[PDB]
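K.L.:
Dropping a structure here in structure tokens format, bear with me for questions.
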Amino acid sequence: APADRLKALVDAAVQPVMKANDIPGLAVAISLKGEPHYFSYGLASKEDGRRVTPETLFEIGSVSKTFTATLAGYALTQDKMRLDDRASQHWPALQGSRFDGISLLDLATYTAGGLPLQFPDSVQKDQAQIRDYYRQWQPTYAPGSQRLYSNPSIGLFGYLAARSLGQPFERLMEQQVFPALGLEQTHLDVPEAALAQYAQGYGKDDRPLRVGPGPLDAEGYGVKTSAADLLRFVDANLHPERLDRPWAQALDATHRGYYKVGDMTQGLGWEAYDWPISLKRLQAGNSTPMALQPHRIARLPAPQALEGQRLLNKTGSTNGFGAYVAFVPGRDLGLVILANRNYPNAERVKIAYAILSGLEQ
Ligand SMILES: *C(=O)[C@@H]1[C@H](NS(=O)(=O)O)CCN1C(=O)NCCCCNC
Ligand SMILES: [Cl-]
């Protein structure tokens, strides 16, 4: 009954959403009562007929930011930076710029004062161009006042964390962060030998899409991983105490909230909600206006532990893929939904909510 019921529940949540959104391939991984469960649907590639499995690599887009936050948590952990450091403390090129007056915390939580969703098209993946972009940028409003969701914001936070550790961001992730977390199917740059696992992405008229190079791509949206590895990361988040202390502390640093916007409390990478909450509210928290419009923040008097009866989550996309991760610390419950189409966030949340609701029931 239990195995049959869980399959029944996940199939029921997933299958209509896949059909309705014309999703070629979708992987689910659920952590429940200390055990992983995988459900794989459809095709990693429509053209070669490769099936989705729990080891298929998907682009997770902005979910990468939770890994970036973990690296930053490590640098914090290790007293190499503080959240109240000025950005320009960690990059001489920024001294004399507006980043003299913006904190690492502002950058991590999108309150630096109007850094946009993405780098402009004119900024290529080039150290000098990135440097020059930040040097010339001016806040639209006072740092610390408004949240505007931004790749250049948290991207810079990740880059500066790497600088504080004295190594390239990409090298730190490959050589330190991924091994510490036990992740052998998680990549910024997929090895040639593992490319057979890399799903095709699909956009309009099913054109094939895989993510290309962009400025601060590793920090903002660089990770390709499997449902099995992403669930391993969720399990590390559910039980940081199971990791060696330096990494336990790094993960804990991503479970601290600094302010609220509506129903959402903003942490490093993770965004949190009270749990239970209605599906419509959780969808609103992950809606297009949240990503695209500035919102005045409600600052907390002290950082808040994002634990107990809460749902922590992150959406992420690339042109060809759509990812969603959600976990409930107080229930030892986590889930990962990875697809090779960029389909609406509301639909991702709908699948997850149906699974979580069914598990409670
Ligand atoms: C991350 O996935 C961000 C946005 N995150 S979300 O929470 O709003 O879903 C969605 C699109 N994002 C992203 O990184 N896109 C990748 C394309 C990079 C293009 N920059 C030139
Ligand atoms: Cl960007």
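Every read-out reported here was derived from the displayed coordinates using simple, explicitly stated rules and does not represent laboratory data. Neighbour counts run over all protein chains shown; Cβ positions are idealised from the backbone, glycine included.
K.L.:
Can you compute 3J(HN,Hα) from phi for each residue in the stretch 354-361, using the Karplus curve 6.51 cos²θ - 1.76 cosθ + 1.60 with θ = phi - 60°, rounded to whole Hz and x for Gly and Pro?
P.N.:
Karplus-based 3J(HN,Hα) across the stretch 354-361 equals 4, 5, 4, 4, x, 6, 4, 6 Hz.
K.L.:
Listed here are the pairs 33/80; 204/350; 80/280; which of them are more than 31 Å apart at the Cα?
P.N.:
Over 31 Å Cα-Cα: 33/80; 80/280.
K.L.:
May I pose another question? Among 162, 40, 309, which residue has its Cα positioned farthest towards the positive end of the charge dipole of the chain, with +1 placed on the Cβ of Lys and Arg, -1 on the Cβ of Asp and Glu, and the dipole taken about the Cα centre?
P.N.:
With unit charges placed on the Cβ atoms, the residue in question is 309.
K.L.:
Provide the FRET efficiency to the nearest 0.05 for the residue 138-residue 287 pair, computing r from the beta carbons and using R0 = 25 Å.
P.N.:
E between residue 138 and residue 287, to the nearest 0.05, is 0.30.
K.L.:
Oh, and also: Neighbouring Cβ atoms within 10 Å as the yardstick, rank 204, 350, 65 fewest first.
P.N.:
Ranked by crowding around the Cβ, least crowded first: 204, 350, 65.
K.L.:
Taking 56 Å as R0, compute the FRET efficiency from the Cβ-Cβ separation of residue 121 and residue 1 and round it to 0.05.
P.N.:
For residue 121 and residue 1, the calculated efficiency is 0.55.
K.L.:
Under 10 Å, Cα contacts only: if you run a Gaussian network model on the chain, which one of 170, 192, 55 comes out with the highest mean-square fluctuation?
P.N.:
Among 170, 192, 55, the largest GNM mean-square fluctuation belongs to 192.
K.L.:
Just to be sure I understand the model, the point goes 7 Å from the Cα along the line to the Cβ. What's the resulting residue 277 to residue 302 distance in nm?
P.N.:
Taking the simple label geometry, residue 277 and residue 302 are separated by 2.3 nm.
K.L.:
Let me ask something else. About the Cα centre, and with charges only on the beta carbon of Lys, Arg (+1) and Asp, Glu (-1), how big is the dipole of the chain? Nearest 20 debye, please.
P.N.:
Dipole about the Cα centre, nearest 20: 740 debye.
K.L.:
Excluding residue 103 itself, calculate the net charge of residues whose Cβ lies under 13 Å from the Cβ of residue 103, where each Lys or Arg counts +1 and each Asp or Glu counts -1.
P.N.:
0
K.L.:
Still on this structure, please answer the following. Per the Kirkwood definition applied to all pairs of different Cα atoms, how many angstroms is the hydrodynamic radius of the stretch 276-354?
P.N.:
13.9
K.L.:
Next up: When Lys and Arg each count +1 and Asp and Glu each count -1, what net charge do the other residues less than 12 Å away from residue 267, Cβ to Cβ, add up to?
P.N.:
+2
K.L.:
Ranked by Cβ crowding within 10 angstrom, fewest neighbours first, how are 159, 134 ordered?
P.N.:
If I rank by nearby Cβ atoms, fewest first, I get 134, 159.
K.L.:
Scattering from the C-alpha atoms of the chain alone, worked out with Debye: what is log10 I(q)/I(0) at q = 0.06, 0.09, 0.11 1/Å?
P.N.:
-0.20, -0.46, -0.69
K.L.:
Testing the spin-label approximation: label points 7 Å from Cα along Cα→Cβ at residue 248 and residue 48. State their distance in nm.
P.N.:
Distance between label points: 4.3 nm.
K.L.:
Can I ask one more? Using Cα-Cα distances under 8 Å and only pairs 6 or more residues apart, what relative contact order does the chain have, in percent?
P.N.:
Computed over the chain, the figure is 25 percent.
K.L.:
Below 12 angstrom from the Cβ of residue 130, what's the summed charge of the other residues (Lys, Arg +1; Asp, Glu -1)?
P.N.:
-1
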